[PDB]
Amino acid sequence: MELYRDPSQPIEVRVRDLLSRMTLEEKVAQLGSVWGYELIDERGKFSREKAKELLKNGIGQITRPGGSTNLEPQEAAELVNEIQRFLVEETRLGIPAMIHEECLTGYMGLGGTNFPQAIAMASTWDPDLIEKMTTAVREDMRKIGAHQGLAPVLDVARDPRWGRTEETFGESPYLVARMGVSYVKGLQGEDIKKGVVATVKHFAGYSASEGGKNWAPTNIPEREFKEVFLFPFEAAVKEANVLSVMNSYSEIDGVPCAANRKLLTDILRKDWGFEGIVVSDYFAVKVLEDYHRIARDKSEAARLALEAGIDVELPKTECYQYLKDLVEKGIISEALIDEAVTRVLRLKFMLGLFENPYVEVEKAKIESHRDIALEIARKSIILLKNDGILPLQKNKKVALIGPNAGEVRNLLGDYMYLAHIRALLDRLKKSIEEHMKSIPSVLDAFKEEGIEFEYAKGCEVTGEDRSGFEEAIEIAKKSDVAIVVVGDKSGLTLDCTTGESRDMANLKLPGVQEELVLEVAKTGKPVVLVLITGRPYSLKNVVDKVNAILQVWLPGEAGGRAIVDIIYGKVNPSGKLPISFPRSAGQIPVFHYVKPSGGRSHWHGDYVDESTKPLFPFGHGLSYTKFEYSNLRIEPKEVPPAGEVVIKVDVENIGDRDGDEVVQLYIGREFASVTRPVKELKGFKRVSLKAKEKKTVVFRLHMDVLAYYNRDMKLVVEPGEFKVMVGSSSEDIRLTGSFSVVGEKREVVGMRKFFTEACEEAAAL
């Protein structure tokens, strides 16, 4: 038995022994990939004929054996077992594949639960619930033999034009980092042999493209880059031990991220100590030539990406095959190939693949997690406006109007399988239609709740056709209340309004949906506006014309029930905005953590034509009950530069309905050596409060958490005063106080705390 085959040997011994046995061809094969669909016949069965050509020298990864094959979970598990058996038994060294899938909103394949989108996850402000979600996703994935999920997205979004806003955790580096760490911890667990490699993406800056345009330059200066864009990745690497990173398609200031050694190696590996694998975004190596025009051919693109620190070319070997030629021709050192192969082999050993690369097909039946999906949907929906119309009485006659009340397809996000796969489509068409039919609808939910309603489509999500307006207006006039359900169709194709590749310059609700809302409102009937969307839209032309507004970030299969639960008060809405809502596209960007000079035009404050304040601020979300904050304690009042302050507030549900509050901690600083945000989120806690219940929320805030970059790009804590602002949104501050850092300016070196510890205690009798 060779040392690499021997599970009694330490991982590093097995890696070194295996690498010493490998040919250059076998090494380069470990840095590439093949699509699952390239390995199947016409009946979705493993094809030995196709494997003999593609797998003969081994392979790094199989790309989406479930997601790219339209196989049911047991069929996908059988495919993955036959691929692994071919590699284990019919290649010289018997190295198994790593399998990856998309899993942002759950495993992206037939049979997997459609969880609410990432921006909905962030709107829960409940990191533990997201960890519970990805712990369930972990088991779904391991059942089909998948080792790696291409999630989560840690791109910080302040530009709602961008079609991938829905895949983010929003604008706050703090909230994004906290949701990201929980997401990763759920997927991976402690021993990765029993878990799924998380893939934080898209490193880094990809959410800040010129004009909000997909793949366009992300031109971010250094302190902003470190504190806003890199921070959540840094937390995922150092605190959550994330085992994969995927690069950004964008350039930063002239340098494509896929060709940037200073990013993918010097920051991620050298500064931060990342020991996992870097996987390319799909085709990101090839497009160094085709798109960015900095590589003259596929071999130059391969060299740039390997020097940068990409270990695996996804989704299929294309440039990385030329790494063999580059070594043979004495252009690159085989030592640089060895470095990448060592990272891939180490992770394959840690996943236990050399001990057991197979799964039990009899167990590959994925369980529904509708329960978890519903908890997220119920906690994620945000009450943006309520003049008192909500919650509705069940005896009111409803006119249910709008395309997103009537089309279950429009509840789906861009990485939910039945929306995403439409890009390929452009026997399979009938399979999609059949699975679509099983998703419970908004109509179904109103019917189950026993509401007397009539439905009018009103208009499509896209186009200019107003011929359905008259029917909607007529049912509105015959009803007590109009529930107008409008928003997006998310995906990758031209008929989609949001999603990857679907950027919206002017932030108007798609098609004639705004005009539909305004025509319904002209009847004089009460109007509840339900936004089923992937991005903030400009609501300035409808906000004062409607009685209530619910923001329902693309909720997946649990959406209908959660919406109707909230409308009728069976659930007390508790979501809070994780991203600011601009008044208009021309106001972009708006975000809560502006510097003193940000968020305003000096010296009149506003634009000529527009307020500089967002229409709804970060952290905004109303309730059917009232929360009363009291008894701010901050101890001690003077803390040294690596000390800790404990901030406590009492929160009482003083209303008549049980409900959750998301208590938010904002920290402000002035008279630093650099300008600082006037307020920035640095802690939060979702707290359940029965009617008349009072609890204490405690924030344990280490000074490490407040560190920022000074004039000389050093991470510091400087003596001075920090303002403490606790409240129900970034604007709805309820209690304010301060503490001082006392002592010598501190350079924060090495490992440091990222997060405030947030918990609940009994309030005093």
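Residue numbers run from 1 along the displayed sequence.
Does the comparison with other PDB entries of this protein show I421 lacking coordinates in a third or more of them, where both adjacent residues are built? Across the other compared entries, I421 is absent from at least a third.
Say whether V344, which has coordinates in the shown structure, is without coordinates in a third or more of the other compared entries. In none of the comparable entries (those modelling both sides of it) is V344 left without coordinates.
Enter the number of deposited residues without atomic coordinates between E89 and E90, binned as none, 1 to 3, 4 to 9, or 10 or more. Gap between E89 and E90: none, chain continuous.
Look up the CA B-factors in the entry and say which stretch, 249-257 or 555-563, has the higher mean. Result of the comparison: 555-563.
Please compare 343-351 with 390-398 and name the stretch with the higher mean C-alpha B-factor in the deposited structure. That would be 390-398.
Going by the deposited entry, which of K429, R161, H620, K262 has the highest CA temperature factor? That would be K429, according to the entry.
Take the CA temperature factors straight from the PDB entry and tell me which of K595, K213, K363, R269 peaks. Of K595, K213, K363, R269, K363 has the highest C-alpha B-factor.
Ordered by C-alpha B-factor within the chain, which third holds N631? Give me lowest, middle or highest, please. For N631, whose C-alpha B-factor we compare with every modelled residue in the chain, the answer is the highest third.
Modelled-residue ranking by C-alpha temperature factor, third containing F231: Lowest third of the chain for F231's C-alpha B-factor.
Which third, lowest, middle or highest, does the C-alpha temperature factor of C103 belong to within its own chain? As the PDB entry reports it, the C-alpha B-factor of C103 lands in the middle third of its chain.
Using only modelled residues of the chain, where does the Cα B factor of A482 rank: lowest third, middle third or highest third? According to the entry, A482 has a C-alpha B-factor in the chain's middle third.
Could you place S299 in the lowest, middle or highest third of its chain by Cα temperature factor, using the values in the record? Within its chain, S299 is a middle-third residue by C-alpha B-factor, going by the deposited values.
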